[PDB]
$ cat upload.pdb   # PDB, C-alpha atoms (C1' of nucleotides)
ATOM      1  CA  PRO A   1     178.991-141.554  17.848  1.00  0.00           C
ATOM      2  CA  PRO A   2     179.131-145.237  18.830  1.00  0.00           C
ATOM      3  CA  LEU A   3     182.629-146.724  18.864  1.00  0.00           C
ATOM      4  CA  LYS A   4     183.111-149.831  16.734  1.00  0.00           C
ATOM      5  CA  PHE A   5     185.369-152.755  17.611  1.00  0.00           C
ATOM      6  CA  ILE A   6     186.907-155.844  16.018  1.00  0.00           C
ATOM      7  CA  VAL A   7     186.375-159.288  17.555  1.00  0.00           C
ATOM      8  CA  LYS A   8     189.792-160.895  17.046  1.00  0.00           C
ATOM      9  CA  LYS A   9     190.846-164.255  18.455  1.00  0.00           C
ATOM     10  CA  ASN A  10     193.580-163.970  21.061  1.00  0.00           C
ATOM     11  CA  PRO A  11     197.108-164.842  19.851  1.00  0.00           C
ATOM     12  CA  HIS A  12     197.357-167.197  22.847  1.00  0.00           C
ATOM     13  CA  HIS A  13     195.567-170.545  23.159  1.00  0.00           C
ATOM     14  CA  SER A  14     191.933-171.087  22.162  1.00  0.00           C
ATOM     15  CA  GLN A  15     191.036-171.133  25.876  1.00  0.00           C
ATOM     16  CA  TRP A  16     188.917-167.973  25.720  1.00  0.00           C
ATOM     17  CA  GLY A  17     189.949-165.517  23.024  1.00  0.00           C
ATOM     18  CA  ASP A  18     187.649-163.524  20.731  1.00  0.00           C
ATOM     19  CA  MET A  19     188.806-160.324  22.413  1.00  0.00           C
ATOM     20  CA  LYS A  20     187.324-156.989  21.399  1.00  0.00           C
ATOM     21  CA  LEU A  21     189.770-154.401  20.068  1.00  0.00           C
ATOM     22  CA  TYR A  22     189.091-150.669  19.766  1.00  0.00           C
ATOM     23  CA  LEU A  23     191.051-147.972  17.966  1.00  0.00           C
ATOM     24  CA  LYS A  24     193.367-146.169  20.381  1.00  0.00           C
ATOM     25  CA  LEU A  25     192.717-142.743  18.849  1.00  0.00           C
ATOM     26  CA  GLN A  26     188.937-143.106  19.170  1.00  0.00           C
ATOM     27  CA  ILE A  27     189.230-144.267  22.788  1.00  0.00           C
ATOM     28  CA  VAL A  28     191.516-141.340  23.643  1.00  0.00           C
ATOM     29  CA  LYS A  29     189.159-138.874  21.950  1.00  0.00           C
ATOM     30  CA  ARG A  30     186.138-140.297  23.783  1.00  0.00           C
ATOM     31  CA  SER A  31     187.971-140.172  27.120  1.00  0.00           C
ATOM     32  CA  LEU A  32     188.988-136.555  26.503  1.00  0.00           C
ATOM     33  CA  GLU A  33     185.404-135.648  25.593  1.00  0.00           C
ATOM     34  CA  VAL A  34     183.963-137.356  28.680  1.00  0.00           C
ATOM     35  CA  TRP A  35     186.543-136.084  31.184  1.00  0.00           C
ATOM     36  CA  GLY A  36     187.244-132.722  29.520  1.00  0.00           C
ATOM     37  CA  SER A  37     191.036-132.889  29.746  1.00  0.00           C
ATOM     38  CA  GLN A  38     193.861-135.335  30.386  1.00  0.00           C
ATOM     39  CA  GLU A  39     194.657-133.638  33.707  1.00  0.00           C
ATOM     40  CA  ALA A  40     191.104-134.360  34.866  1.00  0.00           C
ATOM     41  CA  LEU A  41     191.548-138.031  33.942  1.00  0.00           C
ATOM     42  CA  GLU A  42     194.853-138.185  35.832  1.00  0.00           C
ATOM     43  CA  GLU A  43     193.223-136.621  38.895  1.00  0.00           C
ATOM     44  CA  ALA A  44     190.342-139.093  38.584  1.00  0.00           C
ATOM     45  CA  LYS A  45     192.654-142.112  38.483  1.00  0.00           C
ATOM     46  CA  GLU A  46     194.708-140.740  41.389  1.00  0.00           C
ATOM     47  CA  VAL A  47     191.622-140.260  43.552  1.00  0.00           C
ATOM     48  CA  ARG A  48     190.369-143.699  42.463  1.00  0.00           C
ATOM     49  CA  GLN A  49     193.555-145.406  43.646  1.00  0.00           C
ATOM     50  CA  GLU A  50     193.500-143.318  46.836  1.00  0.00           C
ATOM     51  CA  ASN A  51     189.926-144.481  47.463  1.00  0.00           C
ATOM     52  CA  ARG A  52     190.984-148.074  46.771  1.00  0.00           C
ATOM     53  CA  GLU A  53     193.731-147.790  49.394  1.00  0.00           C
ATOM     54  CA  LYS A  54     191.251-146.196  51.805  1.00  0.00           C
ATOM     55  CA  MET A  55     188.766-149.035  51.275  1.00  0.00           C
ATOM     56  CA  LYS A  56     191.387-151.757  51.720  1.00  0.00           C
ATOM     57  CA  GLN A  57     192.718-150.190  54.927  1.00  0.00           C
TER
ATOM     58  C1'  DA B   1     164.907-124.514  83.144  1.00  0.00           C
ATOM     59  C1'  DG B   2     163.159-125.602  77.874  1.00  0.00           C
ATOM     60  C1'  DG B   3     163.674-127.127  73.214  1.00  0.00           C
ATOM     61  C1'  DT B   4     165.975-129.549  69.664  1.00  0.00           C
ATOM     62  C1'  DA B   5     169.981-131.544  67.324  1.00  0.00           C
ATOM     63  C1'  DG B   6     172.804-135.092  66.776  1.00  0.00           C
ATOM     64  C1'  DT B   7     173.452-140.214  67.585  1.00  0.00           C
ATOM     65  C1'  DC B   8     173.105-145.170  67.596  1.00  0.00           C
ATOM     66  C1'  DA B   9     170.087-150.052  67.322  1.00  0.00           C
ATOM     67  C1'  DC B  10     168.390-151.565  63.056  1.00  0.00           C
ATOM     68  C1'  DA B  11     166.095-151.301  58.151  1.00  0.00           C
ATOM     69  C1'  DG B  12     165.670-149.676  53.036  1.00  0.00           C
ATOM     70  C1'  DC B  13     167.461-147.699  48.602  1.00  0.00           C
ATOM     71  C1'  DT B  14     170.925-145.953  45.182  1.00  0.00           C
ATOM     72  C1'  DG B  15     175.307-145.549  42.524  1.00  0.00           C
ATOM     73  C1'  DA B  16     179.407-147.611  41.328  1.00  0.00           C
ATOM     74  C1'  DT B  17     183.284-151.350  41.809  1.00  0.00           C
ATOM     75  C1'  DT B  18     185.927-155.814  41.340  1.00  0.00           C
ATOM     76  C1'  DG B  19     185.743-160.583  41.212  1.00  0.00           C
ATOM     77  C1'  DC B  20     184.919-165.148  39.750  1.00  0.00           C
ATOM     78  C1'  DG B  21     182.548-168.491  36.038  1.00  0.00           C
ATOM     79  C1'  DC B  22     182.975-169.362  30.951  1.00  0.00           C
ATOM     80  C1'  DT B  23     186.791-173.819  28.780  1.00  0.00           C
ATOM     81  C1'  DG B  24     190.356-174.766  26.230  1.00  0.00           C
ATOM     82  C1'  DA B  25     196.037-175.387  24.779  1.00  0.00           C
ATOM     83  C1'  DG B  26     201.611-176.772  25.978  1.00  0.00           C
ATOM     84  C1'  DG B  27     204.122-180.084  29.487  1.00  0.00           C
ATOM     85  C1'  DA B  28     204.768-185.046  32.667  1.00  0.00           C
ATOM     86  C1'  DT B  29     202.346-189.999  33.562  1.00  0.00           C
ATOM     87  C1'  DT B  30     199.078-208.796  25.642  1.00  0.00           C
ATOM     88  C1'  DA B  31     200.370-212.143  20.637  1.00  0.00           C
ATOM     89  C1'  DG B  32     204.899-213.826  17.744  1.00  0.00           C
ATOM     90  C1'  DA B  33     210.080-216.127  18.384  1.00  0.00           C
ATOM     91  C1'  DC B  34     212.193-219.044  21.876  1.00  0.00           C
ATOM     92  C1'  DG B  35     212.618-222.392  24.405  1.00  0.00           C
ATOM     93  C1'  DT B  36     211.126-226.916  26.497  1.00  0.00           C
ATOM     94  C1'  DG B  37     208.249-231.129  27.081  1.00  0.00           C
ATOM     95  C1'  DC B  38     206.100-235.141  25.541  1.00  0.00           C
ATOM     96  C1'  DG B  39     204.535-238.749  22.679  1.00  0.00           C
ATOM     97  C1'  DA B  40     204.397-241.420  18.166  1.00  0.00           C
ATOM     98  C1'  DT B  41     208.009-243.183  15.095  1.00  0.00           C
ATOM     99  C1'  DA B  42     212.921-244.553  11.870  1.00  0.00           C
ATOM    100  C1'  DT B  43     217.453-247.981  12.035  1.00  0.00           C
TER
END
$ encode --input "upload.pdb" --output "structure tokens"
Amino acid sequence: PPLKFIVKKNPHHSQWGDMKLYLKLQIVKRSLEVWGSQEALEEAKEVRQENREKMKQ
DNA sequence: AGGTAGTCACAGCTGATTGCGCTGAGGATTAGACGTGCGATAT
């Protein structure tokens, strides 16, 4: 299902607020569904940072 | 000795990724009292 969000003005200045906020539980559930497991997500972020280091070098 | 498989000079495409434009809030940047001066005027 689509994930809803709340457009809440930032507690800081009125410079550019109106930030979107999502429920943490829904985001975690969606991430687990997409990636299968938390270990897969950890491996994905590790290989992403490794690729970032490879690209910068 | 013959055939072909990479390989490099470009070019194209794709999928991402991350990177700056979108404004807005908390901190450093000359006309009345007071005198004079002068001229018309009390003793």
$ interface_residues --input "upload.pdb" --of "chain B" --to "chain A" --cutoff "8 Å" --atoms "all atoms listed in the file" --output "PyMOL selection string"
chain B and resi 23-25
$ write_last_selection --input "upload.pdb" --atoms "C-alpha atoms (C1' of nucleotides)" --output "JSON list (two decimals), in the coordinates of the input"
[["chain", "number", "residue", "atom", "x", "y", "z"],
["B", 23, "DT", "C1'", 186.79, -173.82, 28.78],
["B", 24, "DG", "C1'", 190.36, -174.77, 26.23],
["B", 25, "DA", "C1'", 196.04, -175.39, 24.78]]
$ resolve_selection --input "upload.pdb" --expression "the PyMOL selection byres ((chain A and resi 27-33) around 12)" --output "PyMOL selection string"
chain A and resi 1-5+21-26+34-42+44
$ atom_distance --input "upload.pdb" --atom1 "CA of residue 49 (chain A)" --atom2 "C1' of residue 16 (chain B)"
14.5 Å
$ atom_distance --input "upload.pdb" --atom1 "CA of residue 18 (chain A)" --atom2 "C1' of residue 18 (chain B)"
22.1 Å
$ resolve_selection --input "upload.pdb" --expression "the PyMOL selection byres ((chain A and resi 8) around 9)" --output "PyMOL selection string"
chain A and resi 6-7+9-11+17-21
$ atom_distance --input "upload.pdb" --atom1 "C1' of residue 9 (chain B)" --atom2 "CA of residue 51 (chain A)"
28.6 Å
